[PDB]
file start05.csv (CSV, C-alpha atoms)
chain,number,residue,atom,x,y,z
A,6,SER,CA,8.4,27.3,4.3
A,7,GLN,CA,4.9,26.4,3.0
A,8,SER,CA,2.0,25.2,5.1
A,9,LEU,CA,-0.2,22.2,4.0
A,10,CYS,CA,-3.2,22.0,6.3
A,11,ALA,CA,-6.2,20.9,4.1
A,12,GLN,CA,-7.0,17.2,4.0
A,13,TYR,CA,-5.2,16.8,0.7
A,14,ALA,CA,-2.9,19.8,0.5
A,15,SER,CA,0.3,19.0,-1.4
A,16,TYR,CA,3.5,20.5,-2.7
A,17,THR,CA,5.0,19.4,-5.9
A,18,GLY,CA,8.7,20.1,-6.1
A,19,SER,CA,11.1,19.3,-9.0
A,20,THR,CA,12.2,16.0,-7.3
A,21,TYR,CA,10.2,15.6,-4.1
A,22,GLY,CA,6.6,16.2,-3.1
A,23,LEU,CA,5.1,16.8,0.3
A,24,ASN,CA,1.5,15.7,1.2
A,25,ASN,CA,-0.6,16.4,4.2
A,26,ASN,CA,-2.7,13.4,3.2
A,27,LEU,CA,-5.2,13.3,6.0
A,28,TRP,CA,-6.9,10.3,4.3
A,29,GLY,CA,-8.5,8.9,7.4
A,30,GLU,CA,-9.6,12.2,9.0
A,31,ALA,CA,-13.3,11.1,9.0
A,32,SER,CA,-12.2,8.3,11.4
A,33,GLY,CA,-11.6,10.6,14.3
A,34,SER,CA,-11.3,14.1,15.8
A,35,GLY,CA,-8.3,16.3,15.4
A,36,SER,CA,-6.0,18.3,13.2
A,37,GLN,CA,-2.8,18.0,11.3
A,38,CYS,CA,-0.7,20.3,9.2
A,39,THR,CA,2.5,19.5,7.3
A,40,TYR,CA,5.1,22.1,6.6
A,41,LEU,CA,7.7,22.4,3.9
A,42,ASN,CA,11.0,23.6,5.2
A,43,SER,CA,12.9,23.3,1.9
A,44,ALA,CA,12.9,21.0,-1.1
A,45,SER,CA,15.7,20.7,-3.6
A,46,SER,CA,17.0,18.1,-6.1
A,47,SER,CA,19.0,16.5,-3.3
A,48,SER,CA,16.5,16.3,-0.5
A,49,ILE,CA,13.4,17.6,1.3
A,50,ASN,CA,13.1,18.8,4.9
A,51,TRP,CA,9.7,19.1,6.5
A,52,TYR,CA,7.7,18.4,9.6
A,53,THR,CA,4.1,17.6,10.5
A,54,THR,CA,2.2,18.3,13.7
A,55,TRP,CA,-0.9,16.5,14.7
A,56,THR,CA,-3.4,15.6,17.4
A,57,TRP,CA,-5.8,12.7,16.8
A,58,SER,CA,-8.4,11.1,18.9
A,59,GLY,CA,-11.1,8.4,18.4
A,60,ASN,CA,-11.1,5.0,16.6
A,61,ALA,CA,-7.8,4.0,18.1
A,62,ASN,CA,-7.4,1.2,15.6
A,63,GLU,CA,-7.8,3.3,12.4
A,64,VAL,CA,-5.0,5.3,10.8
A,65,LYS,CA,-6.0,8.9,10.5
A,66,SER,CA,-3.4,10.1,7.9
A,67,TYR,CA,-0.1,9.5,6.2
A,68,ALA,CA,1.6,12.8,5.8
A,69,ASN,CA,4.7,12.1,3.7
A,70,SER,CA,7.4,13.3,1.5
A,71,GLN,CA,7.4,11.5,-1.9
A,72,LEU,CA,10.0,10.9,-4.6
A,73,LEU,CA,8.3,12.2,-7.7
A,74,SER,CA,11.4,12.1,-10.0
A,75,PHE,CA,12.1,8.5,-10.9
A,76,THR,CA,11.3,6.1,-13.8
A,77,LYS,CA,8.9,3.2,-13.1
A,78,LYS,CA,10.9,0.1,-13.7
A,79,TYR,CA,10.6,-3.6,-12.9
A,80,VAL,CA,12.2,-4.1,-9.4
A,81,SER,CA,14.5,-6.6,-11.0
A,82,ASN,CA,15.9,-3.8,-13.2
A,83,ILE,CA,16.6,-1.4,-10.4
A,84,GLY,CA,20.3,-1.3,-9.3
A,85,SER,CA,19.8,0.7,-6.1
A,86,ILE,CA,17.4,2.8,-4.2
A,87,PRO,CA,19.7,4.8,-1.8
A,88,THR,CA,17.7,6.7,0.8
A,89,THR,CA,18.4,8.6,3.9
A,90,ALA,CA,16.0,9.7,6.7
A,91,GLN,CA,17.0,12.0,9.6
A,92,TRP,CA,13.9,12.6,11.8
A,93,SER,CA,12.7,13.0,15.4
A,94,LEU,CA,9.4,12.9,17.2
A,95,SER,CA,8.8,15.5,19.9
A,96,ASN,CA,6.2,13.5,21.8
A,97,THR,CA,6.5,9.7,21.9
A,98,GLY,CA,3.3,9.3,23.9
A,99,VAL,CA,1.3,8.5,20.8
A,100,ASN,CA,0.2,5.5,18.7
A,101,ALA,CA,2.0,6.0,15.4
A,102,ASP,CA,4.6,4.6,13.1
A,103,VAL,CA,7.2,6.4,11.1
A,104,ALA,CA,7.6,4.5,7.9
A,105,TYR,CA,8.6,4.2,4.3
A,106,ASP,CA,5.8,3.2,2.0
A,107,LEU,CA,6.4,1.7,-1.4
A,108,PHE,CA,4.1,0.0,-3.9
A,109,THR,CA,4.7,-2.2,-6.9
A,110,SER,CA,2.3,-3.4,-9.6
A,111,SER,CA,2.4,-5.5,-12.8
A,112,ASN,CA,0.4,-2.6,-14.2
A,113,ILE,CA,2.7,0.4,-14.8
A,114,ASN,CA,-0.4,2.7,-14.7
A,115,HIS,CA,-1.7,1.3,-11.5
A,116,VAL,CA,-3.0,4.0,-9.0
A,117,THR,CA,0.2,4.9,-7.0
A,118,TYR,CA,-1.5,4.7,-3.6
A,119,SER,CA,-1.7,0.9,-3.6
A,120,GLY,CA,-0.3,-2.1,-5.7
A,121,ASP,CA,0.0,-5.8,-6.1
A,122,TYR,CA,2.7,-5.5,-3.4
A,123,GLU,CA,3.5,-3.0,-0.7
A,124,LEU,CA,6.8,-2.6,1.1
A,125,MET,CA,6.8,-0.6,4.4
A,126,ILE,CA,9.9,0.1,6.4
A,127,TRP,CA,9.0,1.2,9.9
A,128,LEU,CA,11.9,3.3,11.2
A,129,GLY,CA,9.9,4.0,14.3
A,130,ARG,CA,6.9,2.4,16.1
A,131,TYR,CA,5.2,4.1,19.1
A,132,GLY,CA,2.4,2.4,21.0
A,133,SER,CA,1.5,-1.3,20.6
A,134,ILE,CA,0.5,-1.0,16.9
A,135,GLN,CA,1.5,-3.7,14.4
A,136,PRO,CA,1.8,-4.1,10.6
A,137,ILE,CA,-0.7,-5.8,8.4
A,138,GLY,CA,-0.5,-9.6,8.8
A,139,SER,CA,1.8,-11.5,11.1
A,140,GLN,CA,5.5,-11.6,11.7
A,141,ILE,CA,7.0,-14.3,9.5
A,142,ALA,CA,10.8,-13.8,9.9
A,143,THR,CA,13.6,-11.7,11.2
A,144,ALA,CA,16.2,-10.2,8.7
A,145,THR,CA,19.4,-8.3,9.0
A,146,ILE,CA,19.3,-5.5,6.4
A,147,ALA,CA,21.1,-2.1,6.1
A,148,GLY,CA,23.0,-2.9,9.3
A,149,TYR,CA,19.9,-3.4,11.5
A,150,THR,CA,17.6,-6.3,12.6
A,151,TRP,CA,14.0,-6.1,11.4
A,152,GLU,CA,10.8,-8.0,12.3
A,153,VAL,CA,9.5,-9.1,8.9
A,154,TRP,CA,5.7,-8.9,8.7
A,155,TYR,CA,3.5,-10.1,5.8
A,156,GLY,CA,-0.2,-10.2,5.1
A,157,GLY,CA,-2.9,-8.7,3.0
A,158,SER,CA,-4.9,-10.5,0.3
A,159,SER,CA,-4.7,-11.3,-3.4
A,160,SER,CA,-5.3,-7.7,-4.3
A,161,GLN,CA,-2.4,-6.5,-2.2
A,162,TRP,CA,0.4,-8.2,-0.2
A,163,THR,CA,2.3,-6.0,2.3
A,164,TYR,CA,5.8,-6.7,3.6
A,165,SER,CA,6.6,-4.6,6.6
A,166,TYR,CA,10.2,-4.4,8.0
A,167,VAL,CA,9.9,-3.1,11.6
A,168,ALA,CA,12.7,-1.6,13.8
A,169,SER,CA,12.4,-2.5,17.5
A,170,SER,CA,13.8,0.8,18.7
A,171,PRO,CA,13.5,4.0,16.6
A,172,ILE,CA,16.1,4.6,13.8
A,173,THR,CA,16.0,8.3,13.8
A,174,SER,CA,19.1,8.5,11.6
A,175,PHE,CA,18.8,6.1,8.7
A,176,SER,CA,20.8,5.4,5.6
A,177,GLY,CA,20.4,2.4,3.4
A,178,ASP,CA,19.5,0.9,0.1
A,179,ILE,CA,15.8,0.0,-0.3
A,180,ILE,CA,16.8,-2.5,-3.0
A,181,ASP,CA,18.2,-4.7,-0.2
A,182,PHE,CA,14.7,-5.0,1.2
A,183,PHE,CA,13.4,-6.0,-2.2
A,184,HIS,CA,16.3,-8.5,-2.5
A,185,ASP,CA,15.2,-10.0,0.8
A,186,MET,CA,11.7,-10.2,-0.5
A,187,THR,CA,12.9,-11.8,-3.8
A,188,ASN,CA,15.5,-14.2,-2.4
A,189,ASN,CA,13.6,-15.3,0.7
A,190,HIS,CA,9.9,-14.7,0.0
A,191,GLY,CA,9.6,-15.2,-3.8
A,192,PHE,CA,8.7,-11.6,-4.6
A,193,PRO,CA,8.3,-11.5,-8.4
A,194,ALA,CA,10.8,-8.7,-8.9
A,195,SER,CA,10.9,-9.1,-12.7
A,196,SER,CA,7.2,-8.6,-13.2
A,197,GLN,CA,6.5,-5.8,-10.7
A,198,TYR,CA,7.1,-2.1,-11.5
A,199,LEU,CA,8.1,0.2,-8.6
A,200,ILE,CA,5.3,2.8,-8.7
A,201,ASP,CA,5.6,4.7,-5.5
A,202,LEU,CA,8.1,5.7,-2.9
A,203,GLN,CA,7.0,7.8,0.2
A,204,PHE,CA,8.2,8.4,3.7
A,205,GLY,CA,6.0,9.7,6.5
A,206,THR,CA,4.0,8.8,9.6
A,207,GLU,CA,0.8,7.0,10.3
A,208,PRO,CA,-0.9,8.4,13.4
A,209,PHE,CA,-3.6,6.5,15.2
A,210,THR,CA,-4.2,8.6,18.4
A,211,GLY,CA,-2.3,11.1,20.7
A,212,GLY,CA,-0.7,14.5,20.4
A,213,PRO,CA,0.0,17.2,19.9
A,214,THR,CA,3.2,15.7,18.6
A,215,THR,CA,5.6,16.9,15.8
A,216,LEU,CA,7.5,14.7,13.5
A,217,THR,CA,10.5,16.6,12.2
A,218,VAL,CA,12.1,15.2,9.1
A,219,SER,CA,15.2,17.4,8.9
A,220,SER,CA,16.4,15.5,5.9
A,221,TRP,CA,14.8,13.0,3.5
A,222,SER,CA,16.2,11.7,0.2
A,223,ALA,CA,15.7,8.8,-2.2
A,224,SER,CA,16.5,8.0,-5.7
A,225,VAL,CA,15.9,5.0,-8.0
A,226,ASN,CA,19.1,4.1,-10.0
A,227,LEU,CA,19.1,1.8,-13.0
A,228,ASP,CA,22.2,-0.4,-13.6

call {"tool": "encode", "arguments": {"input": "start05.csv", "output": "structure tokens"}}
result
Amino acid sequence: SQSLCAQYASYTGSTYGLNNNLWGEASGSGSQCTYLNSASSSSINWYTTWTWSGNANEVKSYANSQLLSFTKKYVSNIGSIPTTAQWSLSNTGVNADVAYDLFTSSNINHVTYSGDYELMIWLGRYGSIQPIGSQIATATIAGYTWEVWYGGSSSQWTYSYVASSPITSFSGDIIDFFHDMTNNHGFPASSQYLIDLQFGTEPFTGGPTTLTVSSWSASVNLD
């Protein structure tokens, strides 16, 4: 039932971590704590409460649960990345996304907070915020239709798959998004290690609001 309120307060479980991760706090005024409900080998259940004001265009944080227990492999060598997210947001009158964040790198010892590539999956978008880059496609994946956004620079390309209306109860295989990137956008799966897998929320402004993640899970399975 632990409380993570400091800027970088974290919990390290056997399989999952939880991070308050107020990385952009200097960008505005407010407050945010993240709370472990429970963590097991099967899943993690948590919530985060926040109020942020100022610099409407700057992300203030990315509180997240994180899969700690997986081997870094080339994306081409990953058979499946099954994941589930069951969540709700108590106050929708905010500017925020609710999103998976993944990074890949050719360098297996790359910092895990960025990469050569970034894949985000926005399960929920509140307020007229948009991913990095521009929308370049639409795709049907995991039984839903996504706007496919792409942008960044040479040092990091970000693919964002964006749900129109919130998917508060999600199950899918993240590898299908990688496949989409590989088959349709030339993503170099066989020379990029999956180095990070998180789920959480990027607040811009609004609140108080609470994101409750009653259940989150992921694993990275080899063939």

call {"tool": "residues_around", "arguments": {"input": "start05.csv", "residues": "residue 64 of chain A", "least_positions_apart": "6", "cutoff": "7 Å", "atoms": "all atoms listed in the file", "output": "ChimeraX atom specification"}}
result
/A:29,207-209

call {"tool": "closest_atom_pairs", "arguments": {"input": "start05.csv", "of": "segment 171-205 of chain A", "to": "segment 119-132 of chain A", "cutoff": "10 Å", "atoms": "only C-alpha atoms", "output": "tab-separated table"}}
result
residue	atom	partner	partner_atom	distance
A:171	CA	A:129	CA	4.3
A:172	CA	A:128	CA	5.1
A:173	CA	A:128	CA	7.0
A:174	CA	A:128	CA	8.9
A:175	CA	A:128	CA	7.9
A:179	CA	A:126	CA	8.9
A:182	CA	A:124	CA	8.3
A:183	CA	A:124	CA	8.1
A:186	CA	A:124	CA	9.2
A:192	CA	A:122	CA	8.6
A:193	CA	A:122	CA	9.6
A:197	CA	A:121	CA	8.0
A:198	CA	A:120	CA	9.4
A:199	CA	A:120	CA	9.2
A:200	CA	A:120	CA	8.0
A:201	CA	A:119	CA	8.4
A:202	CA	A:124	CA	9.3
A:203	CA	A:125	CA	9.4
A:204	CA	A:126	CA	8.9
A:205	CA	A:127	CA	9.6

call {"tool": "closest_residue", "arguments": {"input": "start05.csv", "among": "A:21, A:184, A:159, A:106", "to": "residue 51 of chain A", "atoms": "all atoms listed in the file"}}
result
A:21

call {"tool": "closest_residue", "arguments": {"input": "start05.csv", "among": "A:153, A:223, A:83, A:94", "to": "residue 71 of chain A", "atoms": "all atoms listed in the file"}}
result
A:223

call {"tool": "atom_distance", "arguments": {"input": "start05.csv", "atom1": "atom CA of residue 20 of chain A", "atom2": "atom CA of residue 72 of chain A"}}
result
6.2 Å

call {"tool": "closest_residue", "arguments": {"input": "start05.csv", "among": "A:40, A:92, A:79, A:67", "to": "residue 111 of chain A", "atoms": "all atoms listed in the file"}}
result
A:79

call {"tool": "residues_near_point", "arguments": {"input": "start05.csv", "point": "(12.8, 22.1, -5.1)", "cutoff": "6 Å", "atoms": "all atoms listed in the file", "output": "ChimeraX atom specification"}}
result
/A:18-19,44-46

call {"tool": "closest_residue", "arguments": {"input": "start05.csv", "among": "A:62, A:85, A:42, A:24", "to": "residue 224 of chain A", "atoms": "only C-alpha atoms"}}
result
A:85

call {"tool": "closest_residue", "arguments": {"input": "start05.csv", "among": "A:113, A:99, A:134, A:144", "to": "residue 211 of chain A", "atoms": "only C-alpha atoms"}}
result
A:99

call {"tool": "build_atoms", "arguments": {"input": "start05.csv", "residues": "segment 196-225 of chain A", "atoms": "N, CA and C atoms", "output": "compact mmCIF listing (two decimals), in the coordinates of the input"}}
result
# COMPACT_ATOMS: atom_id res chain seq x y z
N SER A 196 8.47 -8.95 -12.61
CA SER A 196 7.20 -8.60 -13.20
C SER A 196 6.43 -7.56 -12.37
N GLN A 197 7.16 -6.78 -11.55
CA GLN A 197 6.50 -5.80 -10.70
C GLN A 197 7.29 -4.46 -10.87
N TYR A 198 6.56 -3.43 -11.31
CA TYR A 198 7.10 -2.10 -11.50
C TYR A 198 7.02 -1.39 -10.11
N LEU A 199 8.09 -0.68 -9.76
CA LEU A 199 8.10 0.20 -8.60
C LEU A 199 7.31 1.47 -9.00
N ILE A 200 6.18 1.72 -8.32
CA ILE A 200 5.30 2.80 -8.70
C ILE A 200 5.17 3.91 -7.71
N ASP A 201 5.78 3.75 -6.53
CA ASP A 201 5.60 4.70 -5.50
C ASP A 201 6.65 4.58 -4.42
N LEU A 202 7.12 5.72 -3.91
CA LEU A 202 8.10 5.70 -2.90
C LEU A 202 7.88 6.97 -1.99
N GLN A 203 7.38 6.71 -0.78
CA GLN A 203 7.00 7.80 0.20
C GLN A 203 7.68 7.48 1.53
N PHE A 204 7.78 8.53 2.34
CA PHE A 204 8.20 8.40 3.70
C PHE A 204 7.36 9.35 4.57
N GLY A 205 6.88 8.84 5.69
CA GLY A 205 6.00 9.70 6.50
C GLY A 205 5.61 8.94 7.78
N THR A 206 4.43 9.30 8.27
CA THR A 206 4.00 8.80 9.60
C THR A 206 2.50 8.45 9.49
N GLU A 207 2.15 7.33 10.11
CA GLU A 207 0.80 7.00 10.30
C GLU A 207 0.38 7.19 11.73
N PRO A 208 -0.40 8.24 12.04
CA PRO A 208 -0.90 8.40 13.40
C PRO A 208 -2.24 7.63 13.57
N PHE A 209 -2.40 7.09 14.78
CA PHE A 209 -3.60 6.50 15.20
C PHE A 209 -4.30 7.44 16.24
N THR A 210 -3.67 7.65 17.41
CA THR A 210 -4.20 8.60 18.40
C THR A 210 -2.98 9.20 19.18
N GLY A 211 -3.27 10.34 19.84
CA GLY A 211 -2.30 11.10 20.70
C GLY A 211 -2.08 12.48 20.13
N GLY A 212 -1.16 13.19 20.80
CA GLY A 212 -0.70 14.50 20.40
C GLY A 212 -1.19 15.60 21.32
N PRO A 213 -0.82 16.87 21.06
CA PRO A 213 0.00 17.20 19.90
C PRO A 213 1.35 16.55 19.91
N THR A 214 1.83 16.19 18.72
CA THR A 214 3.20 15.70 18.60
C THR A 214 3.67 16.31 17.23
N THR A 215 4.99 16.47 17.09
CA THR A 215 5.60 16.90 15.80
C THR A 215 6.61 15.89 15.37
N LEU A 216 6.44 15.37 14.15
CA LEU A 216 7.50 14.70 13.50
C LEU A 216 8.30 15.66 12.66
N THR A 217 9.58 15.79 12.96
CA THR A 217 10.50 16.60 12.20
C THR A 217 11.33 15.75 11.32
N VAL A 218 11.26 15.95 10.01
CA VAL A 218 12.10 15.20 9.10
C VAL A 218 13.11 16.27 8.57
N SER A 219 14.25 16.39 9.24
CA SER A 219 15.20 17.40 8.90
C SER A 219 15.91 17.06 7.56
N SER A 220 15.85 15.79 7.17
CA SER A 220 16.40 15.50 5.90
C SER A 220 15.78 14.14 5.38
N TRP A 221 15.21 14.17 4.17
CA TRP A 221 14.80 13.00 3.50
C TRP A 221 15.27 13.00 2.06
N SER A 222 15.73 11.85 1.57
CA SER A 222 16.20 11.70 0.20
C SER A 222 15.91 10.28 -0.26
N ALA A 223 15.65 10.14 -1.55
CA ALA A 223 15.70 8.80 -2.20
C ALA A 223 15.97 9.05 -3.66
N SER A 224 16.57 8.03 -4.28
CA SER A 224 16.50 8.00 -5.70
C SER A 224 16.47 6.52 -6.15
N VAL A 225 16.01 6.32 -7.38
CA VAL A 225 15.90 5.00 -8.00
C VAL A 225 16.94 4.96 -9.12
